[PDB]
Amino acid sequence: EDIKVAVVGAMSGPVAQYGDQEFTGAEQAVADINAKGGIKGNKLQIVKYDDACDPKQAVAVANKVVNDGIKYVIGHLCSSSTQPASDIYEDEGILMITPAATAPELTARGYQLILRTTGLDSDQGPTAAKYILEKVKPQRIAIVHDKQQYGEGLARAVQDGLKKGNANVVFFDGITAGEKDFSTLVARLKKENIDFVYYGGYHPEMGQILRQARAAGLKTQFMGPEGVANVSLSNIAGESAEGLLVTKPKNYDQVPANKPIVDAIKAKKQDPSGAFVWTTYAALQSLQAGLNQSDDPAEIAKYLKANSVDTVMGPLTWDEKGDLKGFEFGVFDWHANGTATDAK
């Protein structure tokens, strides 16, 4: 008796790279879980939904999953898409485990059916600020963001951290997502003699900013969050991407015990390097542990909050609001060839 589980993310649109990672991880996890007998004999069946990381489409998707009678959701991805959908799932009694939404508010509203297999920006932001203050020590900082929940949330947190540390933040400003011309911004960076920029947002904009800043001869050091640490960023910025600092989850694809999964994904000519491949795979393993205990969403959530689950990300333990305990974002140097190495 097949068990349907919705896998929701940006399958199309400007940030479709995130959905590619998610689906890659989900497909392999389901194949692996089914290969070993499924859940008590029952196989998992993935039902794909595209919310394009758009808040309006996310609501349309959430209502559809409810209508389709699906009780378990692996997603969504972007915070501004995941938040309005979580409202619906919680009211309808649907379990939702997000492998990528990082805005803190999602789990600060008393909801009982939401969990994450990624960290919090209340940790990612401070991690970036601390590194900037202790290791980089720039003279004239600018903080830029795309005016969307994720990016502006991180930008304000970093701003707060730098202010508390008495760093010199010259200006803070936002740009519009989808914009391709950043000549005004780069000119402001040049006029202001900015040596370091923290950008809160996704790869499409970051890529354009990097390529355009370098084209104008800026030697400015840039830093971004996990949303810009992926191959698409390198595709867009090319050479202009080397030297970029990013905060992101550990390289799970490099832990020895995960090699069989890496090989399986490479054999299908898919890319196993993206962080969301692993947070999504771990989300399915978490759901699996829960389903072995009960098919009721509320019972699964209770079980996961009371017991650890060993996954491709190592043992996961959740607190009462559905967040991972002890999760850490690391600081890495990003390279034009799409890889990341531990920062110094």
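Start at 1 with the first residue shown and count on from there.
- The question of which stretch, 130 to 138 or 200 to 208, has the higher mean Cα B factor is settled in favour of 130 to 138.
- When the two stretches 33 to 41 and 46 to 54 are set side by side, the higher mean Cα temperature factor goes to 33 to 41.
- The entry lists C-alpha B-factors for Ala108, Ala103, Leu233, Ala177, and the highest of these is at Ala177.
- Highest C-alpha temperature factor among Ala216, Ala157, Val144, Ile88, as the PDB entry reports it: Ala216.
- Annotation for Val331: C-alpha temperature factor in the middle third relative to the rest of the modelled chain, per the entry.
- Ranked by Cα temperature factor within the chain, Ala340 sits in the highest third according to the deposited record.
- Ranked by Cα temperature factor within the chain, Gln285 sits in the lowest third according to the deposited record.
- The deposited CA B-factor of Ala229 belongs to the middle third of values across its chain.
- Among the modelled residues of its chain, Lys71 has a C-alpha B-factor that falls in the middle third according to the deposited record.
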